[PDB]
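Heads up: the structure comes next, in structure tokens.
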Protein chains: 2
Amino acid sequence: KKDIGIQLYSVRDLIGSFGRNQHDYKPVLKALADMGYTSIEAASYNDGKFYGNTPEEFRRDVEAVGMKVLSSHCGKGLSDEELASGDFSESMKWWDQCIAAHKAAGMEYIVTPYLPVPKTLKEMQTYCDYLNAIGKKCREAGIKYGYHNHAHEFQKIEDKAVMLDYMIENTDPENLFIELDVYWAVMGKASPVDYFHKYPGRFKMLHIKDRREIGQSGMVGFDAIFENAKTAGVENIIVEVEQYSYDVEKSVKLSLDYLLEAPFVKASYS
Amino acid sequence: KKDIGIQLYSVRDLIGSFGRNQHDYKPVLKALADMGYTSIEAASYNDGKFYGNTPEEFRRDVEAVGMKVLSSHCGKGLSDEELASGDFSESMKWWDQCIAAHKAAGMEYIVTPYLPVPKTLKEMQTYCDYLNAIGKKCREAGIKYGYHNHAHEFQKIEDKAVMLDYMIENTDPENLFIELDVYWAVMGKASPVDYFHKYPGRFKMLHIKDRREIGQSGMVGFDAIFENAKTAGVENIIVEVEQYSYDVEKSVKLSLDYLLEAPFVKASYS
Ligand SMILES: OC[C@H]1O[C@H](O[C@H]2O[C@H](CO)[C@@H](O)[C@H](O)[C@H]2O)[C@H](O)[C@@H](O)[C@@H]1O
Ligand SMILES: OC[C@H]1O[C@H](O[C@H]2O[C@H](CO)[C@@H](O)[C@H](O)[C@H]2O)[C@H](O)[C@@H](O)[C@@H]1O
Ligand SMILES: [Co+2]
Ligand SMILES: [Co+2]
């Protein structure tokens, strides 16, 4: 028995329409709980709702199968108009609702899943200003706000700063943590462990991702990652699987079983 | 106790000119044996000699410390005329001497460390014709011939075939195996295990390589690699370390110790 979360994007293909119900997620929640997942990270936020349902209902649904509502992927990248103007006010109204709805759903974290590589350092600084502003609102509501990488964040901006480094260096630790995706880091030619040592404590969650099933490919050194989790600052780990060798359910079950069997994965990080 | 080899390029900084010897390697051979390495892969072949010594003397020196002379990195590239013509006969005289020198040194394998990405599929095919002929000569002398990748072989030729794939497909299994560098495969965005399953039996040796010390970075999934070593065809594993967190001897010892402590690394593959 270990505390391990699942990103619901992983089962996007198993959440469809049934009767009048447009996002019929309850069946897959029960299947995931049955496998042994202990918490979820959502991937469907809009207009104060999750999967088209009230925060309160969604929370009840997740809790009914014995899992925790832990985190969510959502956000609102800046328009070209906002990058040039610096006026985020319309964006910040959206964040007020978003944060309130996440608190209502019982979330401990909110994570933005994607920002594009900016053309200039000036733009990157505007992004840092935005990220700090959002993180500050989150902390006032008692939520931790973070950012999830792909591989493009390991590119340099204007041949100077690496994008992810700049983000980390120019955000306050209480406003922003990094939900490090260890597969995309490797695909970016980055060493997760070298990142952990460079920015101790900033990696409060990990996305445990591989090419397909966790621990199958030979491309990610989970042993070394987990050996360095304390330095990193890990509180929670979330499995993510987007490509599959088997039917989706089996793929995500085998991924969980890799971590459950691994002696280097602790029973809890929180 | 496990059978684990060491690429002597790893300790190039510890083999200097000193005294009577242009390459004073005996002290480091003894340090490597004392650490627990069982075999060596050379990286200094020239005109019938190893590290400036006769094959017979080099072998005596390696065997005196209880290690095996296993493998060697060497190879002669084609001229522009030979590449355009497909006439290797000049190059094949070099190979007769090379093969004989390696057999005298007790070598089981000879591995070519580098070919550049060819401009055309015609050029690549000529290279495959060359690799086949070398490997046939090696085989007739009792030696297994192989090729060691970096990241560039995961590039496409003429936006068609991937270079490493084309090489494997167009060489006979008994003439050529791949000494797969697992770190450079990952840097090339390739899955070692997916390569193993695509080309079963062709990976007779592995280069066990990481960014620095083996198993430190988080960038290589050694557990998955070793779990699939039978499909792959692994017979021997060779450590390589080229960048170091510590003094060279400690870095290569820590690298060995990771493998000795890893339960998924068997005592022998041969
Ligand atoms: O050591 C040579 C490289 O140094 C930098 O890259 C390292 O540090 C970056 C920031 O932490 C990482 O993104 C990267 O993965 C590291 O290798 C430098 O930015 C590179 O240009 C050099 O290759
Ligand atoms: O998944 C589609 C891709 O297929 C090829 O790439 C895969 O196969 C290559 C040959 O074995 C590997 O080098 C590579 O790592 C694999 O991802 C194809 O070359 C790609 O263009 C496709 O996107
Ligand atoms: Co992810
Ligand atoms: Co190598």
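Order determines the names: the first chain of the structure tokens is A, the second B, and so forth; residues in each chain are numbered 1 upward, and ligands are numbered 1 upward as they are shown.
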Near-ligand residues for ligand 2, threshold 6 Å, only C-alpha atoms and all ligand atoms, as a PyMOL selection string: chain B and resi 154+165+189-190
Check: which chain A residues lie within 10 Å of chain B using only C-alpha atoms, as number ranges by chain: A: 182-183, 185-195, 210-211, 214-228
Please identify all polymer residues within 12 Å of residue 44 in chain A, counting only C-alpha atoms, omitting same-chain residues fewer than 5 positions from it, and present them as a short mmCIF file (atom, residue, chain, number, x, y, z; two decimals) with C-alpha atoms, in the first residue's frame.
data_model
loop_
_atom_site.label_atom_id
_atom_site.label_comp_id
_atom_site.auth_asym_id
_atom_site.auth_seq_id
_atom_site.Cartn_x
_atom_site.Cartn_y
_atom_site.Cartn_z
CA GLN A 7 -3.55 12.00 -13.84
CA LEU A 8 -7.03 11.58 -15.31
CA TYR A 9 -5.78 12.68 -18.74
CA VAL A 11 -7.82 7.75 -19.10
CA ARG A 12 -9.20 10.47 -21.41
CA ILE A 15 -14.48 9.04 -20.28
CA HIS A 23 -18.46 13.13 -19.34
CA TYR A 25 -16.18 9.51 -15.48
CA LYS A 49 -16.96 23.02 -13.01
CA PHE A 50 -14.99 19.79 -13.34
CA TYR A 51 -15.98 17.37 -16.10
CA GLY A 52 -19.16 19.48 -16.46
CA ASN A 53 -20.14 18.88 -12.80
CA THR A 54 -20.14 21.06 -9.73
CA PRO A 55 -16.94 20.97 -7.69
CA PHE A 58 -17.04 15.87 -8.42
CA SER A 71 -4.56 18.31 -7.88
CA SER A 72 -5.72 19.67 -11.22
CA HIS A 73 -4.31 20.80 -14.55
CA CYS A 74 -5.76 24.07 -15.67
CA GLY A 75 -4.77 27.49 -16.75
CA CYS A 98 -10.91 28.85 -10.74
CA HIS A 102 -10.67 24.07 -6.80
CA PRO A 113 0.20 22.22 -17.72
#
Let's have chain A fitted on chain B; use all the C-alpha atoms paired in order for the least-squares step and return it as a compact mmCIF listing (two decimals) with C-alpha atoms, in the first residue's frame.
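New file result34.txt:
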# COMPACT_ATOMS: atom_id res chain seq x y z
CA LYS A 1 30.90 -10.68 -7.55
CA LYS A 2 29.67 -9.96 -11.08
CA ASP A 3 31.30 -10.00 -14.53
CA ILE A 4 31.51 -6.35 -15.52
CA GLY A 5 33.92 -4.79 -18.00
CA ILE A 6 35.41 -1.29 -18.20
CA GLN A 7 36.10 0.73 -21.36
CA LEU A 8 39.66 2.02 -20.96
CA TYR A 9 38.74 5.30 -22.68
CA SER A 10 37.04 6.02 -19.32
CA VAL A 11 40.54 6.33 -17.75
CA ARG A 12 42.23 8.06 -20.71
CA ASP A 13 43.32 10.85 -18.33
CA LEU A 14 45.16 8.37 -16.03
CA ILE A 15 47.32 6.84 -18.79
CA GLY A 16 50.27 9.18 -19.53
CA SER A 17 54.09 9.09 -19.98
CA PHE A 18 56.44 7.94 -17.17
CA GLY A 19 60.16 7.34 -17.53
CA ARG A 20 60.61 6.37 -21.21
CA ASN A 21 57.16 4.68 -21.19
CA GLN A 22 54.72 6.65 -23.44
CA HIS A 23 51.43 4.98 -22.40
CA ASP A 24 51.90 3.94 -18.78
CA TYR A 25 48.68 1.92 -18.36
CA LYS A 26 49.78 -0.77 -15.90
CA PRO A 27 49.02 1.30 -12.73
CA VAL A 28 45.43 1.98 -13.81
CA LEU A 29 44.91 -1.69 -14.78
CA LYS A 30 45.79 -2.66 -11.21
CA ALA A 31 43.47 0.02 -9.77
CA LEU A 32 40.58 -1.17 -11.94
CA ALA A 33 41.12 -4.84 -11.01
CA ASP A 34 41.25 -3.85 -7.37
CA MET A 35 37.86 -2.11 -7.70
CA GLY A 36 36.39 -5.35 -9.01
CA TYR A 37 36.26 -4.97 -12.79
CA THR A 38 36.65 -8.39 -14.49
CA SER A 39 37.40 -7.43 -18.11
CA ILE A 40 38.62 -4.52 -20.27
CA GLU A 41 37.67 -3.00 -23.59
CA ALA A 42 40.67 -1.30 -25.22
CA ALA A 43 40.71 2.11 -26.88
CA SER A 44 44.19 2.34 -28.37
CA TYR A 45 44.94 0.17 -31.37
CA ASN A 46 47.52 1.04 -34.04
CA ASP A 47 49.78 -0.87 -36.47
CA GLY A 48 49.47 -4.25 -34.74
CA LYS A 49 49.98 -2.78 -31.23
CA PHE A 50 47.87 -1.80 -28.23
CA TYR A 51 48.93 1.26 -26.22
CA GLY A 52 52.24 1.05 -28.15
CA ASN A 53 52.91 -2.52 -26.91
CA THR A 54 52.79 -5.90 -28.57
CA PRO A 55 49.44 -7.68 -28.36
CA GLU A 56 51.22 -10.42 -26.41
CA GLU A 57 52.62 -8.00 -23.82
CA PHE A 58 49.34 -6.12 -23.44
CA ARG A 59 47.49 -9.41 -22.87
CA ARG A 60 50.07 -10.47 -20.29
CA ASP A 61 49.63 -7.10 -18.51
CA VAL A 62 45.83 -7.33 -18.33
CA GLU A 63 45.89 -11.04 -17.33
CA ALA A 64 48.55 -10.39 -14.65
CA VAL A 65 45.97 -8.36 -12.64
CA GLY A 66 43.31 -11.05 -13.12
CA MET A 67 41.18 -9.35 -15.78
CA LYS A 68 40.19 -10.62 -19.19
CA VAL A 69 41.03 -8.96 -22.49
CA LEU A 70 37.47 -8.84 -23.83
CA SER A 71 36.99 -6.24 -26.56
CA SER A 72 38.48 -3.25 -28.36
CA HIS A 73 37.38 -0.07 -30.10
CA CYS A 74 39.08 0.39 -33.40
CA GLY A 75 38.35 0.97 -37.01
CA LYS A 76 38.92 2.69 -40.26
CA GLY A 77 36.03 4.76 -41.60
CA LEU A 78 35.77 5.04 -45.40
CA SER A 79 37.44 7.96 -47.25
CA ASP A 80 35.46 10.05 -49.71
CA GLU A 81 37.47 8.30 -52.44
CA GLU A 82 36.34 4.87 -51.15
CA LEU A 83 32.67 5.96 -50.80
CA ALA A 84 32.66 6.98 -54.48
CA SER A 85 34.85 4.08 -55.79
CA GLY A 86 33.78 1.08 -53.72
CA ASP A 87 37.44 -0.18 -53.59
CA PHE A 88 38.25 -1.11 -49.97
CA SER A 89 41.31 -3.13 -50.73
CA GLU A 90 43.79 -0.88 -48.95
CA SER A 91 41.37 -0.81 -46.00
CA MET A 92 41.05 -4.60 -45.95
CA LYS A 93 44.87 -5.02 -45.64
CA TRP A 94 44.66 -2.89 -42.51
CA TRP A 95 41.86 -5.16 -41.20
CA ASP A 96 43.99 -8.29 -41.71
CA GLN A 97 46.67 -7.01 -39.41
CA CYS A 98 44.09 -5.58 -36.99
CA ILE A 99 42.19 -8.86 -36.64
CA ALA A 100 45.35 -10.95 -36.20
CA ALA A 101 46.64 -8.58 -33.51
CA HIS A 102 43.30 -8.66 -31.67
CA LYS A 103 43.26 -12.46 -31.69
CA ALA A 104 46.83 -12.44 -30.37
CA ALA A 105 45.66 -10.14 -27.53
CA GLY A 106 42.90 -12.66 -26.62
CA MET A 107 39.99 -10.45 -27.72
CA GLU A 108 36.53 -12.03 -28.17
CA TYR A 109 35.13 -8.92 -29.88
CA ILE A 110 36.21 -6.00 -32.05
CA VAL A 111 33.90 -2.99 -32.20
CA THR A 112 33.99 0.07 -34.48
CA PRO A 113 33.20 3.11 -32.29
CA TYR A 114 31.95 5.68 -34.82
CA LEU A 115 30.75 6.09 -38.39
CA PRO A 116 29.31 9.46 -39.56
CA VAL A 117 25.76 9.92 -40.84
CA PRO A 118 25.94 9.40 -44.66
CA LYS A 119 24.29 11.88 -47.05
CA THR A 120 22.51 9.16 -49.05
CA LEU A 121 21.11 5.66 -48.75
CA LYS A 122 23.58 4.61 -51.45
CA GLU A 123 26.45 5.63 -49.13
CA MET A 124 24.75 3.85 -46.23
CA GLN A 125 24.58 0.68 -48.32
CA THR A 126 28.31 1.01 -49.13
CA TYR A 127 28.87 1.16 -45.37
CA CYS A 128 26.81 -1.99 -44.88
CA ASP A 129 28.88 -3.74 -47.57
CA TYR A 130 32.08 -2.76 -45.68
CA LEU A 131 30.69 -3.79 -42.30
CA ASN A 132 29.65 -7.20 -43.63
CA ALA A 133 33.09 -7.68 -45.25
CA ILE A 134 34.91 -6.88 -42.00
CA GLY A 135 32.57 -9.04 -39.91
CA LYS A 136 33.15 -11.92 -42.31
CA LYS A 137 36.93 -11.70 -41.84
CA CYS A 138 36.43 -11.48 -38.10
CA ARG A 139 34.23 -14.59 -37.98
CA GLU A 140 36.88 -16.50 -39.99
CA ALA A 141 39.43 -15.64 -37.23
CA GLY A 142 36.90 -16.52 -34.46
CA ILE A 143 36.18 -12.91 -33.41
CA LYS A 144 32.76 -11.19 -33.19
CA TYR A 145 32.63 -7.78 -34.92
CA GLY A 146 30.24 -5.07 -33.79
CA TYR A 147 29.28 -1.43 -34.04
CA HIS A 148 28.93 1.11 -31.22
CA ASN A 149 26.42 3.98 -31.53
CA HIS A 150 26.32 7.57 -30.36
CA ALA A 151 23.09 9.60 -30.87
CA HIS A 152 23.48 10.64 -34.54
CA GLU A 153 22.59 7.10 -35.73
CA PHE A 154 18.98 7.88 -34.73
CA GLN A 155 18.77 10.49 -37.52
CA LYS A 156 17.03 9.57 -40.76
CA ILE A 157 18.85 9.35 -44.07
CA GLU A 158 17.07 11.12 -46.96
CA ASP A 159 13.97 11.42 -44.70
CA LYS A 160 13.51 7.65 -45.06
CA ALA A 161 15.46 5.16 -42.99
CA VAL A 162 16.89 5.69 -39.55
CA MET A 163 20.64 5.05 -39.77
CA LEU A 164 20.92 2.44 -37.01
CA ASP A 165 17.84 0.56 -38.24
CA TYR A 166 19.16 0.40 -41.79
CA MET A 167 22.58 -0.83 -40.54
CA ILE A 168 20.97 -3.60 -38.50
CA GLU A 169 18.53 -4.63 -41.26
CA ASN A 170 21.24 -4.74 -43.96
CA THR A 171 23.98 -6.60 -42.08
CA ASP A 172 24.13 -10.31 -41.39
CA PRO A 173 23.73 -11.14 -37.65
CA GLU A 174 26.93 -13.27 -37.73
CA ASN A 175 28.93 -10.44 -39.32
CA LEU A 176 27.71 -7.56 -37.13
CA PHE A 177 26.22 -7.11 -33.67
CA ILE A 178 25.43 -3.81 -31.97
CA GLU A 179 27.25 -2.66 -28.85
CA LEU A 180 24.37 -0.47 -27.81
CA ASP A 181 25.21 2.63 -25.87
CA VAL A 182 22.09 3.13 -23.78
CA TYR A 183 22.85 6.77 -22.83
CA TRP A 184 23.42 7.87 -26.40
CA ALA A 185 20.28 5.98 -27.44
CA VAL A 186 18.23 7.98 -24.89
CA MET A 187 19.91 11.19 -26.09
CA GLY A 188 18.77 10.16 -29.58
CA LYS A 189 15.16 9.90 -28.28
CA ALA A 190 15.32 6.12 -28.70
CA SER A 191 14.01 3.50 -26.29
CA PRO A 192 16.61 0.78 -25.67
CA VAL A 193 13.89 -1.73 -24.82
CA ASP A 194 11.90 -1.00 -27.97
CA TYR A 195 15.12 -1.55 -29.96
CA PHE A 196 15.72 -4.87 -28.13
CA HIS A 197 12.24 -6.07 -29.13
CA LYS A 198 12.53 -4.90 -32.72
CA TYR A 199 15.92 -6.62 -33.29
CA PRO A 200 16.07 -9.57 -30.82
CA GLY A 201 19.49 -11.07 -30.29
CA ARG A 202 21.46 -8.33 -32.13
CA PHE A 203 22.68 -6.52 -28.97
CA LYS A 204 25.48 -8.82 -27.83
CA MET A 205 27.12 -6.16 -25.67
CA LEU A 206 25.86 -3.06 -23.94
CA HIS A 207 27.78 0.10 -23.13
CA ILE A 208 26.47 0.98 -19.73
CA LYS A 209 26.89 4.73 -19.87
CA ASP A 210 25.18 7.69 -18.15
CA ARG A 211 25.83 11.43 -18.20
CA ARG A 212 28.44 10.98 -15.42
CA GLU A 213 28.48 8.15 -12.85
CA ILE A 214 26.26 5.19 -13.80
CA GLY A 215 22.77 5.48 -12.42
CA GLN A 216 23.18 9.08 -11.07
CA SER A 217 21.43 11.30 -13.59
CA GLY A 218 17.86 10.07 -13.80
CA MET A 219 18.20 9.83 -17.62
CA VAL A 220 18.67 6.06 -18.11
CA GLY A 221 16.31 3.29 -17.05
CA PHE A 222 18.87 0.56 -16.23
CA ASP A 223 16.21 -1.55 -14.50
CA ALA A 224 14.14 -1.88 -17.71
CA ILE A 225 17.25 -2.38 -19.85
CA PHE A 226 18.52 -5.29 -17.70
CA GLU A 227 15.03 -6.79 -17.41
CA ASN A 228 15.10 -7.16 -21.25
CA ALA A 229 18.72 -8.36 -21.62
CA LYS A 230 17.73 -11.87 -22.69
CA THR A 231 15.62 -10.65 -25.61
CA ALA A 232 18.41 -8.23 -26.50
CA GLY A 233 21.01 -11.03 -26.66
CA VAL A 234 23.45 -9.52 -24.14
CA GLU A 235 26.65 -11.55 -23.50
CA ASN A 236 28.76 -8.90 -21.78
CA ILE A 237 28.31 -5.42 -20.28
CA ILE A 238 30.95 -2.68 -20.38
CA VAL A 239 30.95 0.45 -18.20
CA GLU A 240 31.90 3.72 -19.87
CA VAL A 241 32.34 7.06 -18.06
CA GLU A 242 33.56 10.13 -20.00
CA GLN A 243 32.41 12.95 -17.63
CA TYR A 244 32.96 12.90 -13.90
CA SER A 245 31.56 14.30 -10.63
CA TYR A 246 34.66 13.16 -8.72
CA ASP A 247 38.24 12.21 -9.49
CA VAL A 248 38.23 9.69 -12.34
CA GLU A 249 39.05 6.61 -10.20
CA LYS A 250 36.24 7.34 -7.72
CA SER A 251 33.78 8.04 -10.54
CA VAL A 252 34.49 4.69 -12.20
CA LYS A 253 34.45 2.86 -8.82
CA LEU A 254 31.06 4.33 -7.87
CA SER A 255 29.76 3.34 -11.32
CA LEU A 256 30.78 -0.27 -10.74
CA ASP A 257 29.25 -0.21 -7.25
CA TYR A 258 25.85 0.85 -8.70
CA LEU A 259 25.80 -2.32 -10.87
CA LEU A 260 27.11 -4.57 -8.09
CA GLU A 261 24.37 -3.35 -5.77
CA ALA A 262 21.60 -3.53 -8.44
CA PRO A 263 19.58 -6.80 -8.08
CA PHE A 264 18.60 -6.60 -11.76
CA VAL A 265 22.24 -7.00 -12.88
CA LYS A 266 23.11 -10.69 -13.13
CA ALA A 267 26.43 -12.18 -12.09
CA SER A 268 27.17 -13.17 -15.68
CA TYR A 269 25.63 -12.85 -19.16
CA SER A 270 28.12 -15.04 -21.08
Just list the residues in range 41-214 of chain A DSSP gives strand (DSSP E or B) on the backbone, as a short mmCIF file (atom, residue, chain, number, x, y, z; two decimals) with N, CA and C atoms, in the first residue's frame.
data_model
loop_
_atom_site.label_atom_id
_atom_site.label_comp_id
_atom_site.auth_asym_id
_atom_site.auth_seq_id
_atom_site.Cartn_x
_atom_site.Cartn_y
_atom_site.Cartn_z
N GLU A 41 -5.45 13.54 -10.13
CA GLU A 41 -5.21 14.89 -10.64
C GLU A 41 -6.13 15.09 -11.85
N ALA A 42 -6.98 16.11 -11.78
CA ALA A 42 -7.98 16.37 -12.80
C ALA A 42 -7.35 16.98 -14.04
N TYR A 45 -11.20 21.31 -16.33
CA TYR A 45 -11.74 22.42 -15.56
C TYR A 45 -12.32 23.43 -16.54
N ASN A 46 -13.50 23.97 -16.23
CA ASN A 46 -14.08 25.04 -17.04
C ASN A 46 -15.18 25.74 -16.24
N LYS A 49 -16.54 24.40 -13.01
CA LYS A 49 -16.96 23.02 -13.01
C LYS A 49 -15.80 22.11 -13.38
N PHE A 50 -15.95 20.84 -12.98
CA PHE A 50 -14.99 19.79 -13.34
C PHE A 50 -15.73 18.71 -14.09
N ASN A 53 -19.43 19.05 -14.06
CA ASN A 53 -20.14 18.88 -12.80
C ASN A 53 -19.69 19.93 -11.79
N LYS A 68 -8.57 10.55 -2.98
CA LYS A 68 -8.50 11.95 -2.63
C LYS A 68 -8.49 12.78 -3.90
N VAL A 69 -9.15 13.93 -3.84
CA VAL A 69 -9.02 14.97 -4.85
C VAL A 69 -7.75 15.76 -4.56
N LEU A 70 -6.66 15.51 -5.32
CA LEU A 70 -5.38 16.09 -4.91
C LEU A 70 -5.01 17.34 -5.70
N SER A 71 -5.09 17.28 -7.02
CA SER A 71 -4.56 18.31 -7.88
C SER A 71 -5.39 18.39 -9.14
N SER A 72 -5.04 19.37 -9.98
CA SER A 72 -5.72 19.67 -11.22
C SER A 72 -4.79 20.37 -12.18
N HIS A 73 -4.98 20.09 -13.48
CA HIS A 73 -4.31 20.80 -14.55
C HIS A 73 -5.30 21.79 -15.14
N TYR A 109 -3.48 21.27 -4.64
CA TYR A 109 -2.67 21.93 -5.63
C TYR A 109 -3.47 22.29 -6.88
N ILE A 110 -3.02 23.33 -7.58
CA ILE A 110 -3.41 23.64 -8.94
C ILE A 110 -2.14 23.78 -9.76
N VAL A 111 -2.12 23.18 -10.95
CA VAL A 111 -0.90 23.18 -11.75
C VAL A 111 -1.25 23.62 -13.17
N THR A 112 -0.48 24.56 -13.75
CA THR A 112 -0.65 24.91 -15.14
C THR A 112 0.17 23.96 -16.01
N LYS A 144 -1.60 25.33 -3.17
CA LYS A 144 -0.25 25.44 -3.75
C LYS A 144 -0.34 25.41 -5.28
N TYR A 145 0.22 26.42 -5.93
CA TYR A 145 0.21 26.58 -7.37
C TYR A 145 1.56 26.16 -7.98
N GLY A 146 1.51 25.40 -9.08
CA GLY A 146 2.71 24.89 -9.68
C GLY A 146 2.62 24.89 -11.19
N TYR A 147 3.76 24.53 -11.79
CA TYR A 147 3.92 24.49 -13.23
C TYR A 147 4.48 23.15 -13.67
N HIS A 148 3.85 22.56 -14.70
CA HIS A 148 4.25 21.27 -15.25
C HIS A 148 4.95 21.46 -16.61
N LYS A 156 16.81 27.35 -24.66
CA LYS A 156 17.27 28.65 -24.21
C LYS A 156 16.45 29.74 -24.88
N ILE A 157 16.33 30.86 -24.17
CA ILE A 157 15.66 32.05 -24.67
C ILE A 157 16.74 33.09 -24.98
N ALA A 161 19.21 32.28 -21.21
CA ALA A 161 18.69 31.50 -20.11
C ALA A 161 17.87 30.33 -20.64
N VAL A 162 18.02 29.18 -20.00
CA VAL A 162 17.07 28.09 -20.19
C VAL A 162 15.75 28.47 -19.55
N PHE A 177 5.70 26.07 -7.35
CA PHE A 177 6.57 24.89 -7.35
C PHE A 177 6.54 24.29 -8.77
N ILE A 178 7.43 23.35 -9.00
CA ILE A 178 7.46 22.64 -10.27
C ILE A 178 7.00 21.21 -10.08
N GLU A 179 5.98 20.85 -10.88
CA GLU A 179 5.52 19.47 -11.04
C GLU A 179 6.35 18.89 -12.17
N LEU A 180 7.49 18.31 -11.81
CA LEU A 180 8.48 17.93 -12.81
C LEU A 180 8.01 16.65 -13.48
N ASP A 181 7.95 16.72 -14.80
CA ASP A 181 7.72 15.56 -15.61
C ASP A 181 9.08 15.00 -15.99
N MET A 205 5.83 18.12 -6.52
CA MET A 205 5.22 16.91 -7.07
C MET A 205 6.02 16.46 -8.27
N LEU A 206 5.98 15.15 -8.53
CA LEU A 206 6.56 14.63 -9.75
C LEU A 206 5.45 14.03 -10.61
N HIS A 207 5.58 14.20 -11.93
CA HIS A 207 4.81 13.41 -12.88
C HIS A 207 5.73 12.26 -13.22
N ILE A 208 5.31 11.09 -12.79
CA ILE A 208 5.96 9.85 -13.09
C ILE A 208 5.38 9.39 -14.42
N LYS A 209 6.16 9.63 -15.47
CA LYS A 209 5.79 9.39 -16.84
C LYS A 209 6.96 8.65 -17.49
#
Alpha helix (DSSP H) positions in range 11-216 of chain B, given as a VMD selection string: chain B and resid 26 to 35 55 to 64 80 to 85 89 to 104 121 to 140 163 to 169 182 to 187 192 to 198
